[PDB]
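What follows is a set of notes on a single structure, which appears directly below.
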Amino acid sequence: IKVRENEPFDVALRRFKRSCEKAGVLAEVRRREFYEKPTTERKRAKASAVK
Amino acid sequence: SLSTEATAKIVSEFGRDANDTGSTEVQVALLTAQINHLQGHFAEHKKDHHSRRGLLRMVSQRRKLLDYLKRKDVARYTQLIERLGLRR
Amino acid sequence: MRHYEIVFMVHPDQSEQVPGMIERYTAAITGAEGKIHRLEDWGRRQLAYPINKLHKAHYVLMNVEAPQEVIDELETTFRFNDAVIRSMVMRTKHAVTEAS
Amino acid sequence: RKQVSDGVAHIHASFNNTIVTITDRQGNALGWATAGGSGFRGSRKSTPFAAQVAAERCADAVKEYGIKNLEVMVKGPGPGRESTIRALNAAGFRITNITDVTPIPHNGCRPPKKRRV
Amino acid sequence: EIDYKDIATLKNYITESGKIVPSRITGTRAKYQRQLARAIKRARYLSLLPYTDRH
Amino acid sequence: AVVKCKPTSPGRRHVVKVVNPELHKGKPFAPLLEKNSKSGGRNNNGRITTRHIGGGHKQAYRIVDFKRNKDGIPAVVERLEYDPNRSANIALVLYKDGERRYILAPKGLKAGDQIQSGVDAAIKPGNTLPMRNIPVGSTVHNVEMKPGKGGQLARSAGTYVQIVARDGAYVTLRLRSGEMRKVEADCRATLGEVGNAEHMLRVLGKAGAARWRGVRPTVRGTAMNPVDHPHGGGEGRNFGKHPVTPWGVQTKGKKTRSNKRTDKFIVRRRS
RNA sequence: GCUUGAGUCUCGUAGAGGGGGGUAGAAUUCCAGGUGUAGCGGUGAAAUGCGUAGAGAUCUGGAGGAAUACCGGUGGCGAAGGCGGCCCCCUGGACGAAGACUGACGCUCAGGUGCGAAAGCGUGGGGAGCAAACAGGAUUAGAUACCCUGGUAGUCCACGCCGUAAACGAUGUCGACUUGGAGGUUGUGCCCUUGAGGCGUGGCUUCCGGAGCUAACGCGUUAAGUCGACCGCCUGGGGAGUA
RNA sequence: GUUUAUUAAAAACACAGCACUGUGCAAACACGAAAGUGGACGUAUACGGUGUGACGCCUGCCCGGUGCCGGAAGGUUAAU
């Protein structure tokens with residue numbers, strides 16, 4: 001949302017613009033409510049990746 | 001559940017010796033006490049199949065122990081039936 | 001007979017009647033053979049969200065061992081008292097370092 | 001001009017269209033502009049430039065009131081969020097707060113199953 | 001044993017938005033994560049801890 | 001929960017027996033009883049005004065405490081009794097002062113347990129409280145349209161009005177049809193919902209079941225000649241005009257509400 | 001007779017196990033108001049739709065019904081189906097330490113009985129989202145579809161019925177034996193209470209893997225290995241789980 | 001079961017059951033020039049009206065017309 005910062009800024013930016021979890025949870029809340037197999041698919045992929 | 005003090009009274013009343021919590025009379029008496037409590041539990045709303053499975057398990061294990069008591073010694077079996085009011 | 005932890009928040013405008021509140025509730029509890037372990041009046045406290053369009057509420061915690069019947073009628077009194085805006089009755093929450 | 005001179009810009013950046021509404025702190029709307037009304041329709045509506053034109057249009061819409069500082073309330077997953085914010089500080093209003101007010105439910109109502117293909 | 005009254009301790013495990021932190025991040029054991037989750041949900045009920053940042 | 005009814009006869013085929021063992025078997029309370037002489041399609045003028053009302057079993061009326069006074073005295077519930085006048089059952093209540101009354105029967109009945117309405121009350125349906133004092137999200141019944149009037153809404157079997165909060169002076173009520181009506185917060189309320197929902201499950205089964213209930217036959221207008229009803233005539237089954245009442249107004253659609261004093265209170269109307 | 005199988009007792013431990021009742025918070029929709037004014041919604045692009053009768057946006061007050069974001073994890077629990085907010089009441093099971101007790105009371109089980117997702121059925125409620133059927137709009141040669149705007153039964157609750165699923169680990173239940181490694185979860189003993197640090201010992205679980213087995217893929221101490229008890233089932237494919 | 005007493009007892013009317021619509025209580029609706037009364041000493045699991053007529057399978061399409069429901073952009077609109 002927003003974290004406490006000093007009112008004068010060197011330049012007007014947001015620190016966590018592209019890292020916000022809001023966009024991802026909005027994309028998952030919109031449609032496609034499977035939620036059963038992707039946990040196992042993610043776990044098998046993660047176990048393959050970790051060596 | 002069966003209370004500790006009720007369980008101790010059952011083992012002291014139906015036990016041929018003290019600390020005989022394992023005798024067949026004591027096991028059948030404890031099982032009957034839980035049957036009589038669970039009947040009042042299952043009077044209300046009667047949809048608890050999961051607890052009813054444990055209830056039917058107490059019934060079945062009681063039947064096996066009473067059949068064992070029949071084959072081993074019939075005098076004790078008839079006395080236990082007369083004490084707990086079953087198989088009328 | 002049974003250990004319980006009771007926390008209730010009171011509307012800020014009704015803050016004058018909370019010592020009488022805890023006195024009558026403790027009296028009912030002690031009449032029902034209960035023992036009060038830690039009667040702590042937390043006092044007024046800002047709330048993280050508004051409930052019933054109020055922002056600051058009185059708080060008091062009781063931590064009583066008592067029978068289930070007196071705790072259920074206590075819960076009824078909490079539901080029917082309009083000063084209590086929310087009340088929670090927990091499980092044993094046994095004897096630990098008091099005043100937490 | 002207006003005496004309070006403080007406002008909030010609500011950026012409803014949906015996937016198709018971005019609506020920018022500058023209101024006061026009490027919620028009463030002073031002005032609004034949209035990506036469809038900015039002159040871009042169809043595929044260009046979703047693009048970040050359309051939201052920039054929407055922000056500039058609402059900026060000149062509330063230039064009558066003399067808004068000096070505006071907090072920013074951002075809703076939605078659309079491409080127009082950061083573009084609308086940038087176009088507001090380009091329009092020269094001081095941005096005092098940037099809050100992400102997207103309605104994130106709890107497990108909530110059932111989502112639409114549509115667009116499955 | 002994690003008490004909901006210790007909102008000072010639970011603030012270390014809530015995020016800025018009010019969410020319960022992941023155990024893979026804070027390194028709590030599974031048992032203390034579950035007790036922490038129950039305590040946060042109780043304190044959220046008592047309004048000691050906020051449900052979300054906005055409200 | 002339902003005892004089976006064999007089809008020994010047509011007329012016994014369709015009705016299946018749904019009864020309550022908790023209902024009292026015996027005479028009703030005589031102080032709370034008065035006569036109810038049937039007035040079947042009658043008037044002071046003597047004419048039929050409401051049709052299909054007629055011959056049935058004699059019913060004696062029971063005084064039911066729609067307005068719940070005697071507050072401050074705990075009421076112990078007794079065995080529930082059958083009320084032929086209303087759809088739901090009635091419950092005997094004995095207060096600590098000795099006053100015996102009839103109320104609408106709550107869902108829960110406790111035998112051998114004292115019932116209290118003050119400080120020592122439990123979480124039990126049937127407790128009376130004003131609309132200001134109801135809990136958040138609570139369902140109430142026997143609520144009053146005017147403060148001090150008596151019960152007007154949710155007095156039937158299985159009917160309840162749910163309320164979450166209040167505006168401050170007028171509280172909105174979600175009725176069973178779906179209408180939303182603001183009544184004053186001083187109006188009384190009885191917590192929970194009324195029983196005897198299971199009683200409505202069974203079908204009547206025969207013509208004589210309705211004729212016991214007091215319902216005389218309904219003749220369709222198409223059966224009649226042109227003069228008895230606007231529908232009616234011809235050598236075939238259908239008259240073939242727009243659906244109307246015997247006096248001419250449209251049956252289908254055609255909203256007939258004309259009250260304008262109460263339109264401010266009824267902010268929302270059901271479809 | 002015996003205690004080594006199976007069981008009982010004491011003390012604890014973890015858990016979306018079940019049933020009942022209460023409450024909280026987001027969010028969606030609707031109703032009434034405040035500001036406000038030409039678009040909104042949607043899509044591959046469009047259109048139906050909604051909107052100058054003032055929508056969409058934003059604020060406030062209220063109503064209602066569902067699922068409980070984060071925690072959340074090839075985590076836990078349950079015989080399976082399955083079970084996720086918090087709280088209370090009622091209850092089933094597992095597991096661990098130290099002993100005590102009973103003394104084969106055990107295993108399986110055709111018939112039989114019970115539980116059995118979702119959809120469906122009956123009666124009565126409820127109905128916010130979603131949505132079979134249905135309507136309109138688009139794509140196409142056509143499109144009784146995929147896409148869009150709607151939308152009823154249903155999904156929700158009480159009681160009763162069905163008795164089916166790719167109900168799967170496509171792997172029946174019980175007991176014994178047979179190299180290891182990395183983990184997750186829950187007990188417990190000791191040292192160094194002294195780094196939720198070292199050393200053990202149980203229960204469930206995930207992955208890889210040796211011998212062995214298999215037609216191969218793979219399984220592999222939770223076997224598809226080596227055995228024993230008992231039950232169910234199969235005997236080419238369509239016809240056919242049909243008459 | 002009821003029905004044209006006195007040429008028609010039926011396949012007619014009714015009937016349980018089913019749907020739709022109205023109706024938030026001083027309720028709709030009805031008899032009343034009105035007071036009043038019935039509905040109802042009932043409260044949407046209730047009432048009234050319409051059609052169908054136990055039970056099993058179910059109830060297709062078409063809102064162009066008429067009717068009803070909702071909105072009054074715009075026009076045309078009475079007394080005043």
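Naming works like this for the structure tokens: A, B, ... for the chains as they're shown, residue 1 at the start of each chain, ligands 1 onward in shown order.
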
Quick one: which residues from chain E are at most 12 Å off chain D, using only C-alpha atoms, as a PyMOL selection string?
chain E and resi 17+19+51-55

Restricted to C-alpha atoms, what would the selected residues look like written as a PDB file, in the first residue's frame?
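Result saved to selection_25.pdb:
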```
ATOM      1  CA  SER E  17      -0.782  -4.409   5.227  1.00  0.00           C
ATOM      2  CA  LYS E  19      -1.038  -9.869   6.771  1.00  0.00           C
ATOM      3  CA  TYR E  51      -7.238  -6.750   9.640  1.00  0.00           C
ATOM      4  CA  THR E  52      -6.002  -4.680   6.687  1.00  0.00           C
ATOM      5  CA  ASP E  53      -4.007  -1.485   6.234  1.00  0.00           C
ATOM      6  CA  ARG E  54      -6.838   0.646   4.843  1.00  0.00           C
ATOM      7  CA  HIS E  55      -9.436  -0.097   7.524  1.00  0.00           C
TER       8      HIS E  55
END
```

Fewer than 3 positions away in the same chain doesn't count, so skip those; otherwise give me all residues within 9 Å of region 5-22 of chain H, counting only C-alpha atoms (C1' of nucleotides), as a PyMOL selection string.
(chain F and resi 11+14+203-210+217-219+223+251-257) or (chain H and resi 1-2+28+48-54)

Could you take the residues named above and write them with C-alpha atoms (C1' of nucleotides), as a PDB file, in the first residue's frame?
```pdb
ATOM      1  CA  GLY F  11     -57.317 -40.233   0.417  1.00  0.00           C
ATOM      2  CA  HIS F  14     -50.948 -38.931  -0.465  1.00  0.00           C
ATOM      3  CA  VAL F 203     -49.646 -32.554   2.098  1.00  0.00           C
ATOM      4  CA  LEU F 204     -53.346 -32.594   2.927  1.00  0.00           C
ATOM      5  CA  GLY F 205     -54.160 -35.590   0.738  1.00  0.00           C
ATOM      6  CA  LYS F 206     -57.917 -35.267   0.272  1.00  0.00           C
ATOM      7  CA  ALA F 207     -60.733 -32.804  -0.327  1.00  0.00           C
ATOM      8  CA  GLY F 208     -62.005 -33.432   3.175  1.00  0.00           C
ATOM      9  CA  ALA F 209     -58.732 -32.256   4.711  1.00  0.00           C
ATOM     10  CA  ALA F 210     -59.352 -28.740   3.412  1.00  0.00           C
ATOM     11  CA  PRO F 217     -64.531 -25.278  -2.950  1.00  0.00           C
ATOM     12  CA  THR F 218     -63.179 -22.807  -5.507  1.00  0.00           C
ATOM     13  CA  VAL F 219     -65.073 -22.593  -8.789  1.00  0.00           C
ATOM     14  CA  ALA F 223     -66.786 -23.011 -15.425  1.00  0.00           C
ATOM     15  CA  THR F 251     -55.173 -10.841 -11.888  1.00  0.00           C
ATOM     16  CA  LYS F 252     -51.743 -11.163 -13.498  1.00  0.00           C
ATOM     17  CA  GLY F 253     -49.354  -8.382 -12.603  1.00  0.00           C
ATOM     18  CA  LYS F 254     -51.451  -5.310 -11.767  1.00  0.00           C
ATOM     19  CA  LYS F 255     -50.034  -4.087  -8.486  1.00  0.00           C
ATOM     20  CA  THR F 256     -52.893  -2.940  -6.252  1.00  0.00           C
ATOM     21  CA  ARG F 257     -51.047  -1.161  -3.439  1.00  0.00           C
TER      22      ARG F 257
ATOM     23  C1'   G H   1     -67.888 -36.614  -3.494  1.00  0.00           C
ATOM     24  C1'   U H   2     -71.296 -32.598  -6.125  1.00  0.00           C
ATOM     25  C1'   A H  28     -54.889  -6.665  -0.882  1.00  0.00           C
ATOM     26  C1'   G H  48     -57.063 -13.245  -2.104  1.00  0.00           C
ATOM     27  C1'   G H  49     -57.444 -13.970  -7.440  1.00  0.00           C
ATOM     28  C1'   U H  50     -56.452 -16.714 -12.044  1.00  0.00           C
ATOM     29  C1'   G H  51     -55.514 -21.238 -14.665  1.00  0.00           C
ATOM     30  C1'   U H  52     -54.418 -26.369 -14.434  1.00  0.00           C
ATOM     31  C1'   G H  53     -56.222 -30.813 -11.812  1.00  0.00           C
ATOM     32  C1'   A H  54     -53.577 -37.281  -8.003  1.00  0.00           C
TER      33        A H  54
END
```

Write out as a PyMOL selection string all residues of chain A that backbone DSSP assigns to alpha helix (DSSP H).
chain A and resi 21-30+37-49

Expressed in Å to a single decimal, how great is the separation between CA of residue 84 (chain C) and CA of residue 139 (chain F)?
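Value for the CA of residue 84 (chain C)-CA of residue 139 (chain F) distance: 19.5 Å.
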
Closest atom pairs, chain G residues within 8 Å of chain B, only C-alpha atoms (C1' of nucleotides), as a tab-separated table:
```
residue	atom	partner	partner_atom	distance
G:7	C1'	B:22	CA	7.9
G:8	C1'	B:22	CA	4.1
G:9	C1'	B:21	CA	5.2
G:17	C1'	B:50	CA	7.5
G:18	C1'	B:50	CA	5.1
G:19	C1'	B:48	CA	5.2
G:20	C1'	B:45	CA	7.6
G:90	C1'	B:41	CA	6.8
G:91	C1'	B:51	CA	6.3
G:92	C1'	B:51	CA	4.2
G:93	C1'	B:54	CA	7.7
G:100	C1'	B:19	CA	6.9
G:101	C1'	B:22	CA	4.5
G:102	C1'	B:23	CA	4.4
G:105	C1'	B:68	CA	5.5
G:115	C1'	B:49	CA	6.9
```

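When CA of residue 33 (chain C) is paired with CA of residue 66 (chain C), their separation reads 6.9 Å.
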
Quick one: residues within 12 Å of residue 123 (chain F), only C-alpha atoms (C1' of nucleotides) counted, chain neighbours fewer than 4 positions away excluded, as a list in words?
residues 69, 70, 71, 72, 73, 74, 75, 76, 77, 78, 79 and 80 of chain C; 108, 115, 116, 117, 118, 119, 127, 135, 191 and 192 of chain F; 21, 22, 88 and 89 of chain G

Excluding residue 68 (chain D) and residues on its chain fewer than 4 positions from it, collect all residues at most 7 Å away from it, counting only C-alpha atoms (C1' of nucleotides), and give them as number ranges by chain.
D: 5-6, 93-94

Write out, as a JSON list (two decimals), in the first residue's frame, the residues just selected, with C-alpha atoms.
```json
[["chain", "number", "residue", "atom", "x", "y", "z"],
["D", 5, "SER", "CA", -6.81, 23.05, -1.98],
["D", 6, "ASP", "CA", -6.27, 19.38, -1.12],
["D", 93, "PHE", "CA", 0.14, 18.71, -8.57],
["D", 94, "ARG", "CA", 2.14, 17.71, -5.53]]
```

Neighbour list for residue 3 (chain G) as a PyMOL selection string, cut-off 12 Å, only C-alpha atoms (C1' of nucleotides), skip fewer than 3 positions in-chain:
chain G and resi 6+102-104

Give me, as a short mmCIF file (atom, residue, chain, number, x, y, z; two decimals) with C-alpha atoms, in the first residue's frame, the contact residues of chain A against chain E at a cut-off of 10 Å, counting only C-alpha atoms.
```cif
data_model
loop_
_atom_site.label_atom_id
_atom_site.label_comp_id
_atom_site.auth_asym_id
_atom_site.auth_seq_id
_atom_site.Cartn_x
_atom_site.Cartn_y
_atom_site.Cartn_z
CA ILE A 1 0.00 0.00 0.00
CA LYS A 2 2.20 2.80 1.33
CA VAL A 3 5.14 2.90 3.78
#
```

As an exercise, work out the distance from CA of residue 43 (chain C) to CA of residue 48 (chain E) in Å and give it to one decimal place.
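Pair CA of residue 43 (chain C) / CA of residue 48 (chain E) returns 13.3 Å.
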